[PDB]
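Accompanying notes for the structure given below.
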Amino acid sequence: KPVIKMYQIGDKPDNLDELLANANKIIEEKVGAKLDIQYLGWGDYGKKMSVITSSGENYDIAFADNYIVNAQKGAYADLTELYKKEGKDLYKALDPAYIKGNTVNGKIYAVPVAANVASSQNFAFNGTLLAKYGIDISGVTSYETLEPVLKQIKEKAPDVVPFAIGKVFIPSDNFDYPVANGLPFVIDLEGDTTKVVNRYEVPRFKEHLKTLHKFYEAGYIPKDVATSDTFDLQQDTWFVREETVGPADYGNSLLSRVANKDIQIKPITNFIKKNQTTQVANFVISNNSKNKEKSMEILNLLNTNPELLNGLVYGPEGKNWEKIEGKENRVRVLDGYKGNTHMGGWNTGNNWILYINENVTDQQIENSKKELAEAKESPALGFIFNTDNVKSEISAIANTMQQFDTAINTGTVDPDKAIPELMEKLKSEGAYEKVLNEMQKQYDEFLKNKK
């Protein structure tokens, strides 16, 4: 009977009507409701979602935007009770880090999509060029050790961009940024895990920037890196890129499929479960929703029913995909899947009930299982930085930071010159040390509780 309205980020599938009509046969029979999914786009999602949540505007489910803050404001139904019955199977199937990462004032407001609960940063190499020039990447574990292979591609293929990075680039390390900004503050997971530090004062981080500046000067990264936001994976204009890979991607499988060619990966950071990885794809139930129970029931089903979820994420069976006879849980993806004819895997539901593409090797499935099992939590997982005392000081730092940020992070300027200038500018007003100490203070209390 009741129509449950869901808001989703991005652009609709071409066949959304058909997808939902197929899905709703299962939903209607299982729960006695029907799902309506409306897509609000990519660009202005926050903006659109903020209007919806501020007014008494009717919706039941939404892909959450600015989740942590809105959860504190009571914008979302408390799922604590919802999870013991209606969301029982979903709660049981969720990795503990998903609950921890999404708890706000002692309660859970989210149905997170179980996927890349942990992720690593990787160099992704263009296998076509790797094979053409016989370039050996077995020594590559860091920015520093990337240098010899960049020199070789510069040698051998001078029109190719060696390291394809853009204006958004910053070196990755084993750091946790618990609060999504804006700000240079991290927990160094290899340092003192009790201390909030500035990334630009971490010795090996400064070394990454020195390396990147050398890479800049040698022509390994675009001259116009600071203004560029361009390198389609399928094209051969690039040699190496930085890519986030998690267990739901099955190693190089996802990248190699999208690139439609061999993509080889070399990790540079450890697989970590943190705020960023546990909060990336959350569904929320509206605080002012007439069917909280049934909305939760649909979410339970979306995340536990293989036929339902696979129909949505892979699209029409027989046209977009086929089951492999004799191989349970395995599918052959067809030409139709190349279209905009299905929903996204990352933001629809539990990836662990998704059928596994035939091109994923046995070793990749095993490697994925192990990485997921062996992934450690950050000590800052579930840390909420309350900005109420420091909202003005935060904007002041952001304002200063945003002037020098891009030049430094891309390695456009010499960090030996630019970091001391930026630090001097920040330390010359009062905002910087206030936000740092406030963050440290809250992180102290966070670790004291728990313990």
Side-chain angles (χ1 to χ4, degrees), residues 118-127 129-130 133-158 160-177 184 186-193 197-205 207-226 228 231 238-245 251-252 255 263-272 371 376 378 404-420 422-423:
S119 73
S120 57
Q121 293 303 110
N122 298 79
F123 296 135
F125 293 87
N126 188 333
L129 301 170
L130 232 40
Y133 299 109
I135 294 178
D136 176 12
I137 55 161
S138 63
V140 178
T141 61
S142 62
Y143 301 109
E144 286 73 17
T145 59
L146 195 70
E147 199 176 86
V149 306
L150 297 180
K151 199 181 201 306
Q152 291 163 60
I153 199 76
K154 192 76 188 182
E155 251 162 61
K156 295 160 185 281
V160 169
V161 173
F163 188 23
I165 59 148
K167 71 186 198 287
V168 83
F169 184 86
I170 178 143
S172 305
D173 211 298
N174 292 313
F175 294 162
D176 189 1
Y177 304 80
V186 293
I187 301 86
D188 184 358
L189 300 180
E190 309 176 13
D192 179 344
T193 55
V197 299
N198 190 312
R199 70 189 177 198
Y200 302 115
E201 296 179 311
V202 182
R204 76 199 191 270
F205 188 81
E207 295 296 341
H208 300 328
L209 296 160
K210 291 188 73 184
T211 298
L212 264 283
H213 187 65
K214 298 193 188 310
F215 285 10
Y216 184 80
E217 294 199 292
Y220 303 153
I221 64 139
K223 187 176 184 301
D224 67 332
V225 66
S228 188
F231 287 74
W238 63 274
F239 174 72
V240 65
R241 289 157 90 256
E242 195 162 323
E243 289 301 321
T244 300
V245 181
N252 75 344
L255 287 163
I263 304 296
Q264 286 167 56
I265 59 162
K266 295 310 269 195
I268 59 160
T269 66
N270 293 322
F271 284 79
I272 295 293
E371 294 304 343
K376 291 159 220 294
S378 168
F404 308 115
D405 225 344
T406 307
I408 301 162
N409 294 343
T410 54
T412 301
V413 294
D414 187 345
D416 285 322
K417 180 198 191 286
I419 297 161
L422 162 68
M423 286 323 150

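These numbers come from the heavy atoms of this one structure, side chains and all, not from hydrogens, waters or symmetry mates. Count residues from 1 along the sequence.
- Of all heavy-atom pairs between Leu212 and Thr410, the closest is CD1-O, 4.1 Å.
- The ring pair (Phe, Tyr, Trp, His ring centres under 6.0 Å) check on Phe163 picks up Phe123, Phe169, with sequence neighbours excluded.
- At a threshold of 4.5 Å between non-hydrogen side-chain atoms, the residues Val240 and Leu150 count as touching.
- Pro171 approaches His208 most closely through the heavy-atom pair CB-CB, 3.7 Å.
- Under a 3.5 Å cut-off, the side chain of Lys154 and the backbone N or O of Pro162 do not form any donor-acceptor pair.
- Here the shortest heavy-atom pairing between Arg241 and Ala164 reads CG-CB, 3.6 Å.
- Within the 4.5 Å cutoff, no side-chain heavy atoms of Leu146 are placed close to those of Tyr220.
- Partners of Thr244 according to the side-chain contact (heavy atoms from CB on, under 4.5 Å) rule, which considers only residues two or more places apart in sequence or in another chain, are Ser119, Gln121.
- Judged purely by atom type and a 3.5 angstrom limit, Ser120 uses its side chain to pair as donor or acceptor with the backbone of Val245.
- Applying the side chain to side chain donor-acceptor pair (under 3.5 Å) criterion to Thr145, with sequence neighbours excluded, gives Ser142.
- At a threshold of 4.0 Å, the pair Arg204-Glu190 counts as salt-bridged, since one of the basic side-chain nitrogens sits closer than that to a carboxylate oxygen.
- Judged by distance alone, with hydrogens and angles left aside, the side-chain atoms of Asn270 form no donor-acceptor pair with the main-chain N or O of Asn174 at under 3.5 Å.
- Residue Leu130 holds its CG atom at 10.0 Å from CD of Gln152, rounded to the nearest 0.5 Å.
- Residues that satisfy the side-chain contact (heavy atoms from CB on, under 4.5 Å) test with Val197, not counting sequence neighbours, are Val186, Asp188, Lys195, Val202.
- Once rounded to the nearest 0.5 Å, the distance linking CD1 of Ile268 with CG of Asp173 reads 8.0 Å.
- Between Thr406 and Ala226, the closest heavy-atom pair is CG2-O, 3.5 Å.
- In terms of the salt bridge (charged side-chain N to carboxylate O under 4.0 Å, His left out) criterion, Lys223 has no residue partners (sequence neighbours excluded).
- To the nearest 0.5 Å, the span separating CG on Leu129 from CD on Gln264 amounts to 11.5 Å.
- Partners of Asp136 by side chain to side chain donor-acceptor pair (under 3.5 Å), not counting sequence neighbours, listed by chain and number: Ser138.
- Listed for the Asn198 side chain is a donor-acceptor partner under 3.5 Å among the backbone atoms of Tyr200.
- Looking at residues two or more places apart in sequence or on another chain, you find no ring pair (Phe, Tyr, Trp, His ring centres under 6.0 Å) involving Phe271.
- Atom CG of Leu422 sits about 12.0 Å away from atom NZ of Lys417, to the nearest 0.5 Å.
- For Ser378, the side-chain contact (heavy atoms from CB on, under 4.5 Å) test picks out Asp176, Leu189, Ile272, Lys274, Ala380, with sequence neighbours left out.
- Legend: residues meeting side-chain contact (heavy atoms from CB on, under 4.5 Å) with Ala157, ordered by chain and number and at least two apart, are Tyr133, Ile153, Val160.
- Between the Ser228 side chain and the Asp224 main chain, no donor and acceptor come within less than 3.5 Å of each other.
- Inter-residue side-chain proximity for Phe404 and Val413 is flagged as unmet; no heavy-atom pair is nearer than 4.5 Å.
- Side chain of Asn126 to backbone of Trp238: a donor-acceptor contact under 3.5 angstrom is found.
- Under the salt bridge (charged side-chain N to carboxylate O under 4.0 Å, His left out) criterion, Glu155 pairs with no residue at all, not counting sequence neighbours.
- The distance from the CD1 atom of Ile265 to the CG atom of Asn122 is 4.5 Å, given to the nearest 0.5 Å.
- Rounded to the nearest 0.5 angstrom, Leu209 CG and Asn409 CG are separated by 6.5 Å.
- Shortest non-hydrogen contact noted between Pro415 and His213 is CD-CB, 3.8 Å.
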Yes or no on side-chain contact (heavy atoms from CB on, under 4.5 Å) for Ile135 and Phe125, after CA distance, side-chain angles and deciding distance? CA-CA 10 Å; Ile135 294 178; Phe125 293 87; over 6 Å; no

Begin from the C-alpha positions of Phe215 and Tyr143 and carry the test ring-ring contact (aromatic ring centres under 6.0 Å, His included) through to its verdict. CA-CA 9 Å; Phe215 285 10; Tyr143 301 109; 7.8 Å; no

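- A donor-acceptor contact closer than 3.5 angstrom is absent between the side chains of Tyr216 and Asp414.
- Note on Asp416 versus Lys214: no salt bridge recorded, every NZ/NE/NH1/NH2 to OD/OE distance being 4.0 Å or above.
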